[PDB]
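Protein chains in written order, with full-length UniProt numbering: chain C, 518 to 565; chain U, 373 to 469; chain V, 566 to 862; chain E, 616 to 664; chain R, 566 to 862; chain F, 79 to 323; chain W, 79 to 323. By construction, the Cβ of each residue, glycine as well, lies at the ideal position given by its N, Cα and C atoms. Worksheet: one structure, shown below.
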Amino acid sequence: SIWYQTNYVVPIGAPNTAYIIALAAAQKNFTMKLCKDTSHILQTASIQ
Amino acid sequence: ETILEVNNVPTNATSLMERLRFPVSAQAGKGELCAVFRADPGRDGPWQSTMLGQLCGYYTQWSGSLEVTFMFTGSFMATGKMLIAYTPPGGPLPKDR
Amino acid sequence: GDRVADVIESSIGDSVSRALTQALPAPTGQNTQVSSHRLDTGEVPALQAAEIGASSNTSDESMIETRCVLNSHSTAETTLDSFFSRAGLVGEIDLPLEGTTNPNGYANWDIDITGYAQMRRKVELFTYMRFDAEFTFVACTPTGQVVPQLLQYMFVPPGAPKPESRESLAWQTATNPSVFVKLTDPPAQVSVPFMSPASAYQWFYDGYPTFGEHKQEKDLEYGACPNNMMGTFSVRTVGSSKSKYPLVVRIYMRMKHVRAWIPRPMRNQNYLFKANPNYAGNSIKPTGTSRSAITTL
Amino acid sequence: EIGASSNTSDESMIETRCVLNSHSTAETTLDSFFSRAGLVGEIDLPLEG
Amino acid sequence: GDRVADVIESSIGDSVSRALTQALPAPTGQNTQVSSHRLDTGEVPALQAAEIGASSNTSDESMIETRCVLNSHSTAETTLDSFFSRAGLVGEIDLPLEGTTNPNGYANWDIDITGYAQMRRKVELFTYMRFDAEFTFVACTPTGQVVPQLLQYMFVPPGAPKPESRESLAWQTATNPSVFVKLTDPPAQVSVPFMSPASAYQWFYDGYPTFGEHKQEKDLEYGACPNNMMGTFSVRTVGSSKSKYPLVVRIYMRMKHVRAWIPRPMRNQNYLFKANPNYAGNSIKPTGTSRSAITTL
Amino acid sequence: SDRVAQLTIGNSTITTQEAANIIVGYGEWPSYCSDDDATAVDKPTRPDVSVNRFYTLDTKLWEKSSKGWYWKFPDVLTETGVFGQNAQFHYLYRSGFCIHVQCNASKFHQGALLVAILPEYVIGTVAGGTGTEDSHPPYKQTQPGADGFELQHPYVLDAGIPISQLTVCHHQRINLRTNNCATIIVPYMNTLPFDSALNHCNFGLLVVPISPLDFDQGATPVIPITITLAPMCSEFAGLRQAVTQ
Amino acid sequence: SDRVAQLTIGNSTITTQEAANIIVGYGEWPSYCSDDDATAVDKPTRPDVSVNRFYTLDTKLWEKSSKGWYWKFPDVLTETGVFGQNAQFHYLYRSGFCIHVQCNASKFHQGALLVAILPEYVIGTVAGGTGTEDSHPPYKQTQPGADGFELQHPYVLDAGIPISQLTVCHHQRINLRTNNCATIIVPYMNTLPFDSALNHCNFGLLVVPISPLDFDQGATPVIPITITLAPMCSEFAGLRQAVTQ
Ligand SMILES: CCCCCCCCCCCCC/C=C\[C@H](O)[C@H](N)CO
Ligand SMILES: CCCCCCCCCCCCC/C=C\[C@H](O)[C@H](N)CO
């Protein structure tokens, strides 16, 4: 979760709304195991 | 580090670029909620827009730590503070800060 | 980092497993030694106390007058690799032509070896088991007749997309392991590794797998260990049209490199459901056979 | 903005313990990821058609 | 007793008090050194940041052109044994003949040095103080006249039975310390030790001394430190009948072997009650004196 | 030199004069996790004397027609003490145990109890009796708390397994003519080095009278059974808000 | 190399880019009690990462006419976390602290705050105003919790003592043109090596605006102040049931 601790303070003449970009990755201890077929993508038929 | 689509609310094709960045605005200072997202990469959600969440789909069992890396794209004259909490399992959606 | 004495003289952080016992080599049965009469006081080995919970340490060299018997009988057949390395029917899949169970030429079978009583009762002697396996598929017509037909045995791990039909997309087996076989050939046979996220499987899970307010509706989750859901096994008749032979696939699982922990009482009532230690209540069978009286035989 | 990824470990962000990890990286190799046969083609030889 | 690494490399149990500072001998004021002009960049000692909360380290060798001044001025009069070893009126007891306050020839006085403003304001510069004391009793008539009369000054520690009258039983002073004096003799004078159950007295106790549901009735217990109730001081005219001289006992307390901790802001409003930092609200006096304007003097 | 025992762990103590001995379960003493078996990188808290101490749950009345009682562990210590608050606030948990069952009676009373520890004691139902309804037990019966739950079919232990083979587990007897206490020490038994306390009950304590209590009229009829248990080498990890279940 | 700070204690972290520095109170770092200063023979529990971490209390709105706020310690952490449960269950307590006050504002906002730590901050009343009524404050005003209480007379700090001499204590400033954070580290200050947490508040945190907040119309008017504090080297002893007050 992301919570406003104090607030987003802005002076006059600057825009009153901003945007945040999240960037996700992994560490050097990350590992994977037991290869399979990916599930969260499909394919409607009649390819070519 | 690949982009996490936390703001996966917009659905129409004209607003699919609104899906990569979530806003922060001027609030009344009660400790409001900005955004929340599950930390499960192989699950269906924001992590499915990563090269971690597309390669962990080709695998069944994963281990190790993650890291989310937020970046602020507001003005230089703007200041502020945010609390970024990882609530481990069992914890429901927290109602307040 | 340690100054006070109530942290230097602490037994906090002892990670070594203080064991009272030591595994000793026992390749043969224990040899008997010669024993003569004893007519002494204080030495009384026939008197035990089972209230201590330990078993009797009484030998027959202490109770009767015995001879030397060099026993050369082996303990090699009571091992686990000699007791579990014996294939048994863990599953059975049917592929009829006309019917209702599997009428589309494909069949999915959720991997559980708790569906046939004769193999369930052996593994449920222990509560944790870690093993590699060796599956063997024995396909045939209901009449026992062998036919010239090609099949695909796809292993679908959890999360992977389950095939919904005969002409589906998941059968392309780019990452899922698959096996093609003809029914005229010998039975297939593959060796599986230990595939659990944990250190061992467990046939009894005393608890609920999710959090949440446990109510009457979501009660069937009691006892579900998701460390044990190793996936799904799927079969089709490889083709675009319907087949012309009804089939029945039988699966035979042999364990190897077995390890086991925490023995259990073995069951005596008849099983009723899969992954469920339920029983009939009015018909509680005793463990054995009855008698007319205790003084007669 | 540098474009590089974070070099942040969890030894720097939380209070951690020693965890001798003996988990292998041998299944993410390419010979373990591509050495898995898949249907690349399918040819049909009908009688009438 | 320690095997894991998250208890060997722990800073748990560090009992030593890691101090950044070191007390250095400063018998004289600091000598000034010679300083010439500087016309450099980067070296800027006049610019501080009080947001850091630390004070300025700026010397006058850095701000002006100075001379050598071997200062031989001592710091021996700002010590605590030179600042508190000065007797002051901590209490005053009256023994009238006819009246209502003490009409029976005896008087009890609960030991508090927070009853006269001029001695309270000095000890309330610190919040913890540890000291031996030296009391001195100065008895006299209201008119200043000295008379031939014998008195008994009994110290009644807490729990000991307080005397209810002139001819009571507690005045036999078998274990309680007592002092007999004639008014014609010099003032009495006794040295008291540090008598607290704690390591130091404390003139401010932020909290309630008992447990329990704190309500409006039992509110006056806020601020009561029972580590500080050192007892009760009692006086009588030694006799079976009534006296014939009215008296007034004045008590003068001098500290010695003083130690003190955690300085405090010193008070500016007028005290009103004993062991109570209350003040008047409509009449909040400023700390100093006013002006007509800031540019004029 | 063996019938007397004093068990001092923490700020609590038990003194007994009619002990049997102390059973250490499966030849293993409780311990803390090693750097090899552990996977969680977060540092675990080890409250060494505030939770590692004896807790007394309830008292059960042994009668002539008492069939038996079971308690699941550590469901019994989720609303009791500093153990049942570190566990509500943490997600993981790892502790051994030291159970102690008291049943004092005279030298004119007779009876026995089997005090066994059955790991992963899953609970079944009679399935409608006829064995045709696929039923499951409710939540008050699978995790019944400190009050326990009474066995309705003790011969099959409400799981289809026999009471006769239960002596392969940890066990002691309480024979009222020899002893009145049973001390069992249990290590942490699970496939996982750490596990949740609010969802998974690692073992069950079974208290079954094999031999019924008999006495003659005039004596004391009310004969209680009392469970008293101590965590040992406890560890907690993964800190978030408080949840009951 | 000094305006940036990262405070990692436990499982929590604070990152700041407009820091001043870190004040260590009275030249002393928090520590655990020695074998000489201690008198209690009972072993104390030292929960090292479950209570030694940052807690965020509330948020206070700085306005033009804000007079000040005070919080008593450790009254603020008696209903919050594993700290406020070990303390309800134990009779003693000994911890340092690390306070951190946040107030972020722009470069077009101006103001200052004095963030001071006053030990044994006893609270007075106006005594009816005239100074004749011997009154005492209520319980909601002496131990007000995590919400704090608003100073009604900040010049005398509601104790008769001045705000000008408060810089002899621990203190930092929050000058919105230089910094937005104040890190103060406080050891355990008491005459006793251990003391009760539910009756005795060792110190008070004072947040007073000397210079009023001023800005021009159009900017952000809502400027909060946020307190974030960490126990450090905590110890508890003397275990009994749970009491709130
Ligand atoms: C080409 C086809 C290969 C088929 C391989 C199937 C994977 C088998 C994995 C190991 C199976 C072990 C049995 C596991 C436990 C059961 O599910 C029990 N119900 C657990 O309680
Ligand atoms: C023969 C008579 C001897 C009299 C001796 C009296 C004992 C005095 C003990 C030391 C007094 C120190 C002052 C203590 C503190 C005050 O009570 C303050 N109200 C504390 O806040």
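Would you be able to state if there are at least three C-beta pairs under 8 Å between the stretch 705-724 of chain V and the stretch 784-800 of chain V?
yes
So what's R:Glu782 in DSSP terms, helix, strand or just coil?
helix
Buried/exposed call for F:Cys247, threshold 16 Cβ in 10 Å:
buried
For ligand 2, any of its heavy atoms closer than 7 Å to the Cβ of R:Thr692?
no
Chain-ordered neighbours of C:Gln522 on chain U, where CB pairs are closer than 7 Å:
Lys453, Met454, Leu455
If you measure from the beta carbon of W:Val154 to each beta carbon in chain F, is any gap under 8 Å?
no
Where the stretch 619-635 of chain E meets chain W: residues whose CB sits under 9 Å from a CB there:
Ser627, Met628, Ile629, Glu630
If F:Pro299 sits next to F:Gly189, beta carbons under 8 Å apart, how far is it from one beta carbon to the other, in whole angstroms?
Wrong, their Cβ atoms sit about 13 Å apart, outside the cutoff.
With the cut-off set at 8 Å, would you say R:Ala825 and R:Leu645 are in Cβ contact?
yes
Using CA coordinates, which residue listed in U:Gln399, U:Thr383, U:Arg469, U:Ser435 is at the minimum distance from C:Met549?
U:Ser435
From R:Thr749 to R:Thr708, what does the alpha carbon distance come to, in whole angstroms?
15 Å
At a cut-off of 7 Å, is V:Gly796 close to ligand 1 when judged by its beta-carbon and the heavy atoms of the ligand?
yes
Report, in whole angstroms, the separation of the C-beta atoms of C:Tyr525 and U:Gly452, which I expect to be a contact under 8 Å.
4 Å
So is U:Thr445 in contact with chain A if we call contact Cβ pairs under 8 Å?
Included in the structure are the protein chains C, U, V, E, R, F and W, with no chain A among them.
Is the CB of W:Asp294 under 8 Å away from at least one CB in chain C?
yes
Should residue 870 of chain V be counted as a contact of ligand 1 given a C-beta to heavy atom distance under 7 Å?
In the structure as shown, chain V begins at 566 and stops at 862. Residue 870 of chain V is therefore absent and cannot be evaluated.
Neighbour list for V:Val569 in chain W, Cβ cutoff strictly below 9 Å:
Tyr110, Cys111, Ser112, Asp113, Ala116
Unbroken stretches of the beta strand (DSSP E), 3 residues or longer, contained in the stretch 259-318 of chain W
259-264, 281-286, 301-313
Let's test the definition: count the other Cβ atoms within 10 Å of the Cβ of R:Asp625 and tell me whether it reaches 16, buried, or not, exposed.
exposed
Starting from the beta carbon of W:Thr86, find every residue of chain E whose beta carbon is closer than 8 Å, and list them in chain order.
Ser627, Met628, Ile629, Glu630
Pair within 8 Å by beta-carbon distance, R:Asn841 and W:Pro240:
no
Return yes when the C-beta of F:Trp149 is under 7 Å from any heavy atom of ligand 1, and no when it is not.
no
Report the neighbours of W:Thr123 on chain F: residues whose CB is nearer than 7 Å to its CB, in chain order.
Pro125, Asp126, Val127, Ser128
Identify the contact partners of U:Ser421 in chain E, using a Cβ-Cβ distance below 7 Å as the criterion.
The premise fails here: U:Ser421 is roughly 17 Å from chain E at the closest Cβ pair, so nothing lies under 7 Å.
Assuming W:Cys176 contacts W:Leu270 under a Cβ cut-off of 8 Å, what Cβ separation, rounded to an integer in Å, is found between them?
Between W:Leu270 and W:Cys176 the Cβ distance is about 22 Å, and since that is not below 8 Å, they are no contact.
Neighbourhood of residue 324 of chain F by C-beta, 6 Å cutoff - its chain only, sequence neighbours within 5 removed
Given that chain F is displayed from residue 79 to residue 323, the structure contains no residue 324 of chain F and the question cannot be resolved.
What does E:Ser647 touch in chain C if you count any residue whose Cβ is under 9 Å from its own?
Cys552
Taking Cβ-Cβ distances shorter than 9 Å, what residues in chain E pair up with residue 335 of chain F?
The requested residue 335 of chain F is not part of the displayed model; chain F covers only 79 to 323.
Might you give, ordered along the chain, the residues of its own chain that have their beta carbon closer than 6 Å to the beta carbon of W:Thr304, omitting 5 neighbours on each side?
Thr137, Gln180
Proximity of C:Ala543 and U:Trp419 at Cβ, strictly below 8 Å
no
Consider the Cβ of V:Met818: report whether some Cβ of chain C lies at a distance smaller than 8 Å.
no
Beta-carbon gap between F:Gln166 and F:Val321 smaller than 8 Å
yes
Is F:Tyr217 helix, strand or coil when you go by DSSP?
helix
Runs of 3 residues minimum, wholly inside the stretch 119-199 of chain F: which ones carry the beta strand (DSSP E) assignment?
133-140, 147-151, 172-180, 192-197
Are residue 864 of chain V and V:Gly680 closer than 8 Å when you measure CB to CB?
Lying outside 566 to 862, the shown extent of chain V, residue 864 of chain V is not represented and no answer is given.
I want to verify the contact list: residues of chain C whose CB lies under 9 Å from the CB of W:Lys142, in sequence order.
None at all; the shortest Cβ gap to chain C is about 16 Å.
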